[PDB]
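Following: one structure in structure tokens, then a few remarks.
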Amino acid sequence: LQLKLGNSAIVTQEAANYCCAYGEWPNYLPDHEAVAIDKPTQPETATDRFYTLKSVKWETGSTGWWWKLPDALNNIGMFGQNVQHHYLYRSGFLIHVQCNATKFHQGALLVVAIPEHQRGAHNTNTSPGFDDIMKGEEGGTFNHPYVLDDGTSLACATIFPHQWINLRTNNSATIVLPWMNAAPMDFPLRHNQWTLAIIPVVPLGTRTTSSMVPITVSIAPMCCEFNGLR
Amino acid sequence: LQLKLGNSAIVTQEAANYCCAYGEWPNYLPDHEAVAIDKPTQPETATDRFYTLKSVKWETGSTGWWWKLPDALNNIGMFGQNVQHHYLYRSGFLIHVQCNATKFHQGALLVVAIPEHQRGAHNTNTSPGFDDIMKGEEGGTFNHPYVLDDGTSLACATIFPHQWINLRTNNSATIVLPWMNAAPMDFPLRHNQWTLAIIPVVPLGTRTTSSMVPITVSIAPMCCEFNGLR
Amino acid sequence: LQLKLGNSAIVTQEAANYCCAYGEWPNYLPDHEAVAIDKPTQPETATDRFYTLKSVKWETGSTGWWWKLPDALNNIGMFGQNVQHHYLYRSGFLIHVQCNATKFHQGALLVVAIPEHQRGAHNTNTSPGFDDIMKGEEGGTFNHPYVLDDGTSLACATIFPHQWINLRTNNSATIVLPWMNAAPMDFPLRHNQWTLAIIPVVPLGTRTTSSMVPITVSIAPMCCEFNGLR
Amino acid sequence: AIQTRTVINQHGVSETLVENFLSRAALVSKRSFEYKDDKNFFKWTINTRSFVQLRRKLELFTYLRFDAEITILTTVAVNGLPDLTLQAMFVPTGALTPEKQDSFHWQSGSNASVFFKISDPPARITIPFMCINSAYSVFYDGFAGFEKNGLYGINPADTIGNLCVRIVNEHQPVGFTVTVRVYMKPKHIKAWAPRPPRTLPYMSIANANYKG
Amino acid sequence: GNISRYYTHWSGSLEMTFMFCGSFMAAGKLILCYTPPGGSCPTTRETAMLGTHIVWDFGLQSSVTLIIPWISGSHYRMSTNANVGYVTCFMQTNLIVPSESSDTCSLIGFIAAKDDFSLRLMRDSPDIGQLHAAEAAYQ
């Protein structure tokens with residue numbers, strides 16, 4: 001089955017079921033909530049396509065990875081060009097995470113999408129700065145994945161929209177994120193609504209001490225609006 | 001009356017009647033002529049707006065001005081950005097020429113749109129080069145307007161789509177150009193379908209020896225298509 | 001699923017789809033084309049059975065194999081006994097090619113049936129002789145599989161009736177050949193209508209330097225006629 | 001080199017019809033012969049393999065059924081020009097080919113002779129589909145015989161015949177050179193089982209040997 | 001390619017097919033790109049993903065196909081078509097094979113024309129030019 005969206009397509013054979021975050025499908029801004037900036041413009045295709053990131057190397061000592069949305073896409077393609085020219089935006093997300101493993105690899109990943117993952121720093125009183133948060137396409141690495149780098153727990157992180165990748169049963173995960181904000185539009189260069197976190201709960205393993213699995217993240221903006229500009 | 005098209009608007013009070021070139025209104029490429037590159041994409045607004053050029057100074061010794069289409073627009077705005085990223089295009093043009101004169105100025109202008117104005121050079125056998133033709137937004141000046149710089153006559157240049165600006169009667173001129181080619185698409189960086197020429201048949205005059213009139217050219221691409229790209 | 005034909009049976013579990021050569025199923029000679037030798041006799045079973053050849057060893061340096069029909073069967077069984085006693089014949093063919101590989105072997109085979117594969121020799125003006133063509137059950141080996149040993153190309157050899165064996169997806173191939181001649185009967189000891197060629201486009205591979213796959217060819221004459229004799 | 005492009009407006013499949021792909025009058029033979037009364041007359045076994053470009057077009061197929069439209073275009077040159085009668089005689093398989101200019105086989109009551117002058121339009125005849133089978137074998141995976149190099153690739157049912165051309169006139173005090181150009185146009189063409197094109201140069205006329 | 005060199009002007013869509021020919025447990029991802037005529041061929045995997053592309057996981061799907069929309073070049077004497085488009089492949093991931101499969105895995109490509117493909121103005125093909133036993137058909 002192919003995830004076809006735009007001139008991008010994720011051409012696979014096995015992908016069982018998506019996760020629809022909080023049961024909500026991404027729709028455009030309805031015509032009673034748009035009292036604001038008049039008729040937020042919709043490219044309808046030009047942003048709404050998969051942006052397949054650089055793959056990360058999962059190994060035995062991997063603590064996990066995170067990308068902040070839309071910070072992971074603010075300098076990529078026609079999404080990232082509209083972020084630099086527009087002031088407001090509204091978008092959901094289709095996220096496809098995929099692993100390339102054999103039947104002799106093992107390990108489990110919690111693929112979790114966190115709404116407004118305000119991070120904490122470790123062993124200090126200073127807040128995280130701009131460079132500690134806004135990592136872009138490269139993303140970040142969990143320093144302490146057990147507390148989710150925010151003082152909470154990873155055990156309870158399944159309260160968020162999540163998917164499991166257990167390499168016995170599946171290697172892919174699909175989360176469909178709606179718009180998640182207290183405002184209908186927001187400001188893409190300085191606030192993130194979602195953090196996609198991929199954390200290995202069970203570490204990777206085969207015998208020959210240098211087991212390694214590619215993890216590929218494909219993010220598609222869904223129903224992506226922006227302010228007028230004309 | 002306002003010429004409103006896009007986020008551009010030419011806000012005047014007097015504009016009598018357009019010239020529709022060869023009686024043809026610019027339409028999109030019909031669904032029997034598009035056997036070619038599949039479904040040529042249409043921004044529908046992003047190019048279709050007035051691009052108001054730098055005004056030229058009409059004086060007593062002015063021989064005339066010319067702009068080649070779409071060469072006059074190939075580096076301007078979303079038209080000129082689509083010219084650099086696309087390979088094919090098809091567009092008509094709305095051209096509005098306007099003069100700023102008082103009732104004490106005099107002079108007549110032939111505003112003529114020439115299809116495929118292949119130019120000649122004067123007193124040589126070498127063809128005009130690239131820099132002698134592709135002037136861009138600045139345009140060119142007629143060296144010999146009486147022969148239209150091509151060996152023909154200016155007297156018979158009313159065989160082309162044209163408008164008169166006689167400063168007694170009018171100061172504006174509107175020509176609506178259709179697509180003018182033997183092919184349905186063409187190549188905007190290396191061939192021009194139209195040359196807008198503005199030639200003073202009767203020179204400018206008032207008493208104090210330094211009579212000067214602004215001439216403003218506003219070009220809007222009409223029904224502007226481009227190849228797919230997706 | 002079993003390929004049961006006569007007292008021969010190819011008893012497998014996986015065989016997806018045959019190739020029907022030029023869309024034509026082998027039928028007997030119709031009663032308007034048989035103006036010739038009166039009522040060509042039909043054993044109806046005695047030849048129409050699978051003749052399973054000696055398996056060939058596919059390895060990393062294999063260039064390919066070929067069998068000419070009916071030369072591969074002219075000394076085998078009741079087909080080959082009827083070839084020595086009869087003067088004319090007409091037959092189609094069911095060809096089943098099968099590989100014995102594991103899921104750790106790799107490689108692709110083009111299994112192609114060529115009508116009237118007139119061979120050329122390499123770097124000489126003399127034609128191929130009798131012993132260079134009529135190899136019998138043993139068959140031959142491609143000297144230059146890239147040109148199909150006839151000056152043509154292997155890349156375009158899919159213009160012929162063909163099947164792919166990609167060891168990921170399948171290990172078997174079935175081509176059903178009709179009668180392929182400009183005459184309704186022909187002469188089995190001195191002309192060949194079909195050449196079954198099995199050519200490894202992607203060579204064989206596993207790690208331990210001596211990777212080897214059995215390839216088994218089973219040829220069944222279909223609708224095999226012969227002249228009267230009474 | 002300079003690089004260009006044009007918007008191409010095409011529609012239709014009619015020019016790639018195998019009748020249109022193959023029916024053109026191609027030069028299939030050209031010989032000189034001197035004349036002073038197979039030397040001193042034109043004899044050509046009618047094949048399609050003399051020139052490599054018609055050969056590569058027809059070897060895009062396994063079987064061909066066509067009539068041949070033979071046009072004979074004779075020019076003369078002295079060693080003005082006299083007006084000479086020529087006899088072109090199609091000698092089928094089973095008839096006997098001349099070996100001399102004045103042989104009795106030129107008096108053939110059964111071979112198709114055409115008598116024509118230089119000053120005329122070029123002589124044109126249609127040789128029919130002559131094969132014993134339903135199509136000509138462009139390729140033949142077999143032998144013509146089994147007794148001590150009955151050659152490979154040769155089909156006994158592919159022989160069109162010979163095109164024998166002489167000068168009906170007798171000896172003259174002037175000596176001249178006769179160039180016979182033979183043009184064949186295949187007609188009413190049916191084709192079967194298309195093949196890969198040949199990628200390597202031909203080495204011989206009689207086979208498909210390759211040098212690489 | 002060969003049949004179109006008998007004609008001068010060609011026109012239509014094409015049909016690429018790529019078949020992965022590794023082992024059953026070989027896994028990985030490729031980015032198969034399409035660059036339209038005029039556009040520049042991508043040199044990085046990230047520029048590749050910004051165009052029309054296919055993220056093809058060949059771990060389970062051995063064959064992928066892609067419509068090529070409308071190339072249509074010609075022949076000029078007054079000069080070639082040259083750049084009319086590209087199909088480009090980048091490694092999204094590494095090749096992941098088990099320790100009994102081969103390290104090296106191969107791709108093969110196929111091209112066909114579609115039903116909108118057309119050819120015009122038949123010429124002579126430049127491919128084979130011009131030998132032995134020639135004058136045997138005369139003696």
Side-chain angles (χ1 to χ4, degrees), chain C residues 36-37 40 66-75 79-91 114-121 124-137 139-140 149-150 179-195 226-227 229, chain D residues 43-49 59 62-64 91-97 99 130-162 202-209, chain E residues 132-139:
Chain C
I37 286 287
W66 56 266
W67 294 269
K68 291 186 180 294
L69 293 173
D71 171 66
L73 302 180
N74 286 332
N75 288 317
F79 187 83
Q81 292 299 323
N82 288 321
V83 169
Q84 302 301 322
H85 291 291
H86 293 269
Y87 178 73
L88 295 172
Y89 90 109
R90 184 186 189 274
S91 67
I114 304 166
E116 275 174 345
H117 184 64
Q118 177 177 354
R119 295 176 61 85
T124 183
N125 288 318
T126 308
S127 295
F130 188 82
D131 293 336
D132 294 331
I133 300 299
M134 304 297 279
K135 300 288 185 182
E137 185 181 5
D149 289 338
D150 60 358
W179 177 250
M180 194 66 204
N181 204 4
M185 305 292 285
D186 203 80
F187 293 86
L189 288 174
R190 80 108 174 263
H191 173 68
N192 291 314
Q193 285 82 20
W194 291 101
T195 298
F226 295 100
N227 54 357
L229 267 62
Chain D
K43 183 261 174 184
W44 175 61
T45 299
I46 303 168
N47 57 353
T48 52
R49 297 167 68 181
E59 289 180 355
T62 307
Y63 299 115
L64 290 170
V91 180
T93 306
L96 296 173
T97 300
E99 292 88 7
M130 289 300 290
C131 179
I132 301 168
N133 301 321
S134 288
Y136 300 117
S137 296
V138 182
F139 290 91
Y140 187 71
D141 193 5
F143 292 86
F146 62 99
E147 289 176 352
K148 191 174 73 174
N149 284 316
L151 276 79
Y152 179 68
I154 306 301
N155 192 2
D158 273 333
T159 311
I160 313 294
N162 298 317
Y202 293 100
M203 293 186 74
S204 176
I205 302 294
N207 58 24
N209 293 339
Chain E
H132 182 76
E135 298 289 319
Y138 298 106
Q139 299 297 325

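So that the names make sense, note that chain A is the first sequence line, chain B the second, and so on, each numbered from 1. Note that these values count all heavy atoms, side chains included, but never hydrogens, waters or copies made by symmetry.
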Problem set entry | Distance-minimising heavy-atom pair for D:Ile205 and E:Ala134 | CG1-CA, 3.7 Å
Exercise. Any donor-acceptor pair under 3.5 Å linking the side chain of D:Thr93 with the backbone of D:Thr159?
Worked result: yes
Exercise. So do D:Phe143 and C:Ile133 actually touch side chain to side chain, heavy atoms under 4.5 Å?
Worked result: yes
Exercise. In terms of heavy-atom contacts, does CG of D:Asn149 have more than 12 from other residues, nucleotides or ligands at under 6.0 Å?
Worked result: no
Seminar exercise, completed: On a heavy-atom basis, the closest approach of C:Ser127 and D:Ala206 is OG-O, 4.5 Å
For this session: Verify, without hydrogens or angle tests, whether C:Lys68 (side chain) and C:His117 (backbone) share a donor-acceptor contact under 3.5 angstrom.
Result: yes
Exercise. Under 3.5 Å, is there a donor-acceptor pair between the side chain of D:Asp141 and the main chain of C:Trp194?
Worked result: no
Exercise. NE2/C:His191 to OH/C:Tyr89 distance, rounded to the nearest 0.5 angstrom?
Worked result: 7.0 Å
Seminar exercise, completed: For C:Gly136 and C:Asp71 the tightest heavy-atom approach is N-OD2, 2.9 Å
Exercise. Do C:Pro40 and C:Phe226 have side chains that get closer than 4.5 Å, going by heavy atoms?
Worked result: no
For this session: Return yes if some donor-acceptor pair links the side-chain N/O of C:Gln84 with the main-chain N/O of C:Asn74 below 3.5 Å, else return no.
Result: yes
Exercise. Do the side chain of C:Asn227 and the main chain of C:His86 share a donor and acceptor less than 3.5 angstrom apart?
Worked result: no
Seminar exercise, completed: Value for CG (D:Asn207) from CG (C:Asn125), rounded to nearest 0.5 Å, stands at 7.5 Å
Problem set entry | Atom pair CH2/CD of C:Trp67 and C:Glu137 - distance to nearest 0.5 Å | 10.5 Å
For this session: Check whether any side-chain N or O of D:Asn162 sits under 3.5 Å from a backbone N or O of D:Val91 as a donor-acceptor pair, and report yes or no.
Result: no
Exercise. At what distance, to the nearest 0.5 angstrom, does CG of C:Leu88 lie from CZ of C:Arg90?
Worked result: 12.0 Å
For this session: Might you point out which heavy atoms bring D:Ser137 and D:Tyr63 nearest each other, and give the distance in Å?
Result: OG-CE2, 3.8 Å
Exercise. Measuring from C:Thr195:OG1 to C:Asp149:CG, what's the distance to the nearest 0.5 Å?
Worked result: 10.5 Å
For this session: Can you see which heavy atom on C:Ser91 is nearest to which on C:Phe79, and at what distance?
Result: OG-CE1, 4.4 Å
For this session: Measure from the side-chain N and O atoms of C:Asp150 to the backbone N and O of C:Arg119, and report whether any donor-acceptor pair falls under 3.5 Å.
Result: no
Seminar exercise, completed: Nearest heavy-atom approach of D:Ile132 to D:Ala157 is CB-CB, 3.8 Å
Problem set entry | Rounded distance (nearest 0.5 Å) linking atom CD1 of D:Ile160 with atom OG1 of D:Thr48 | 7.5 Å
For this session: Please check if the side chain of D:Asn209 supplies one atom and the backbone of D:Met203 the other of a donor-acceptor pair under 3.5 Å.
Result: no
Exercise. Does the side chain of C:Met134 reach to within under 4.5 Å of the side chain of C:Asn192, using non-hydrogen atoms?
Worked result: yes
Which pairs of donor and acceptor atoms, one on a side chain in residues 180-189 of chain C, lie under 3.5 Å apart (sequence neighbours left out)?
{"residue": "C:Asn181", "atom": "ND2", "partner": "C:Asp186", "partner atom": "OD1", "Å": "2.9"}
{"residue": "C:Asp186", "atom": "OD2", "partner": "C:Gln193", "partner atom": "NE2", "Å": "3.3"}

For this session: Kindly say whether D:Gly142 contributes a backbone atom to a donor-acceptor pair with the side chain of C:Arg190 at under 3.5 angstrom?
Result: no
For this session: Compare all side-chain heavy atoms of C:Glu116 with those of D:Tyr140 and state whether any distance is below 4.5 angstrom.
Result: yes
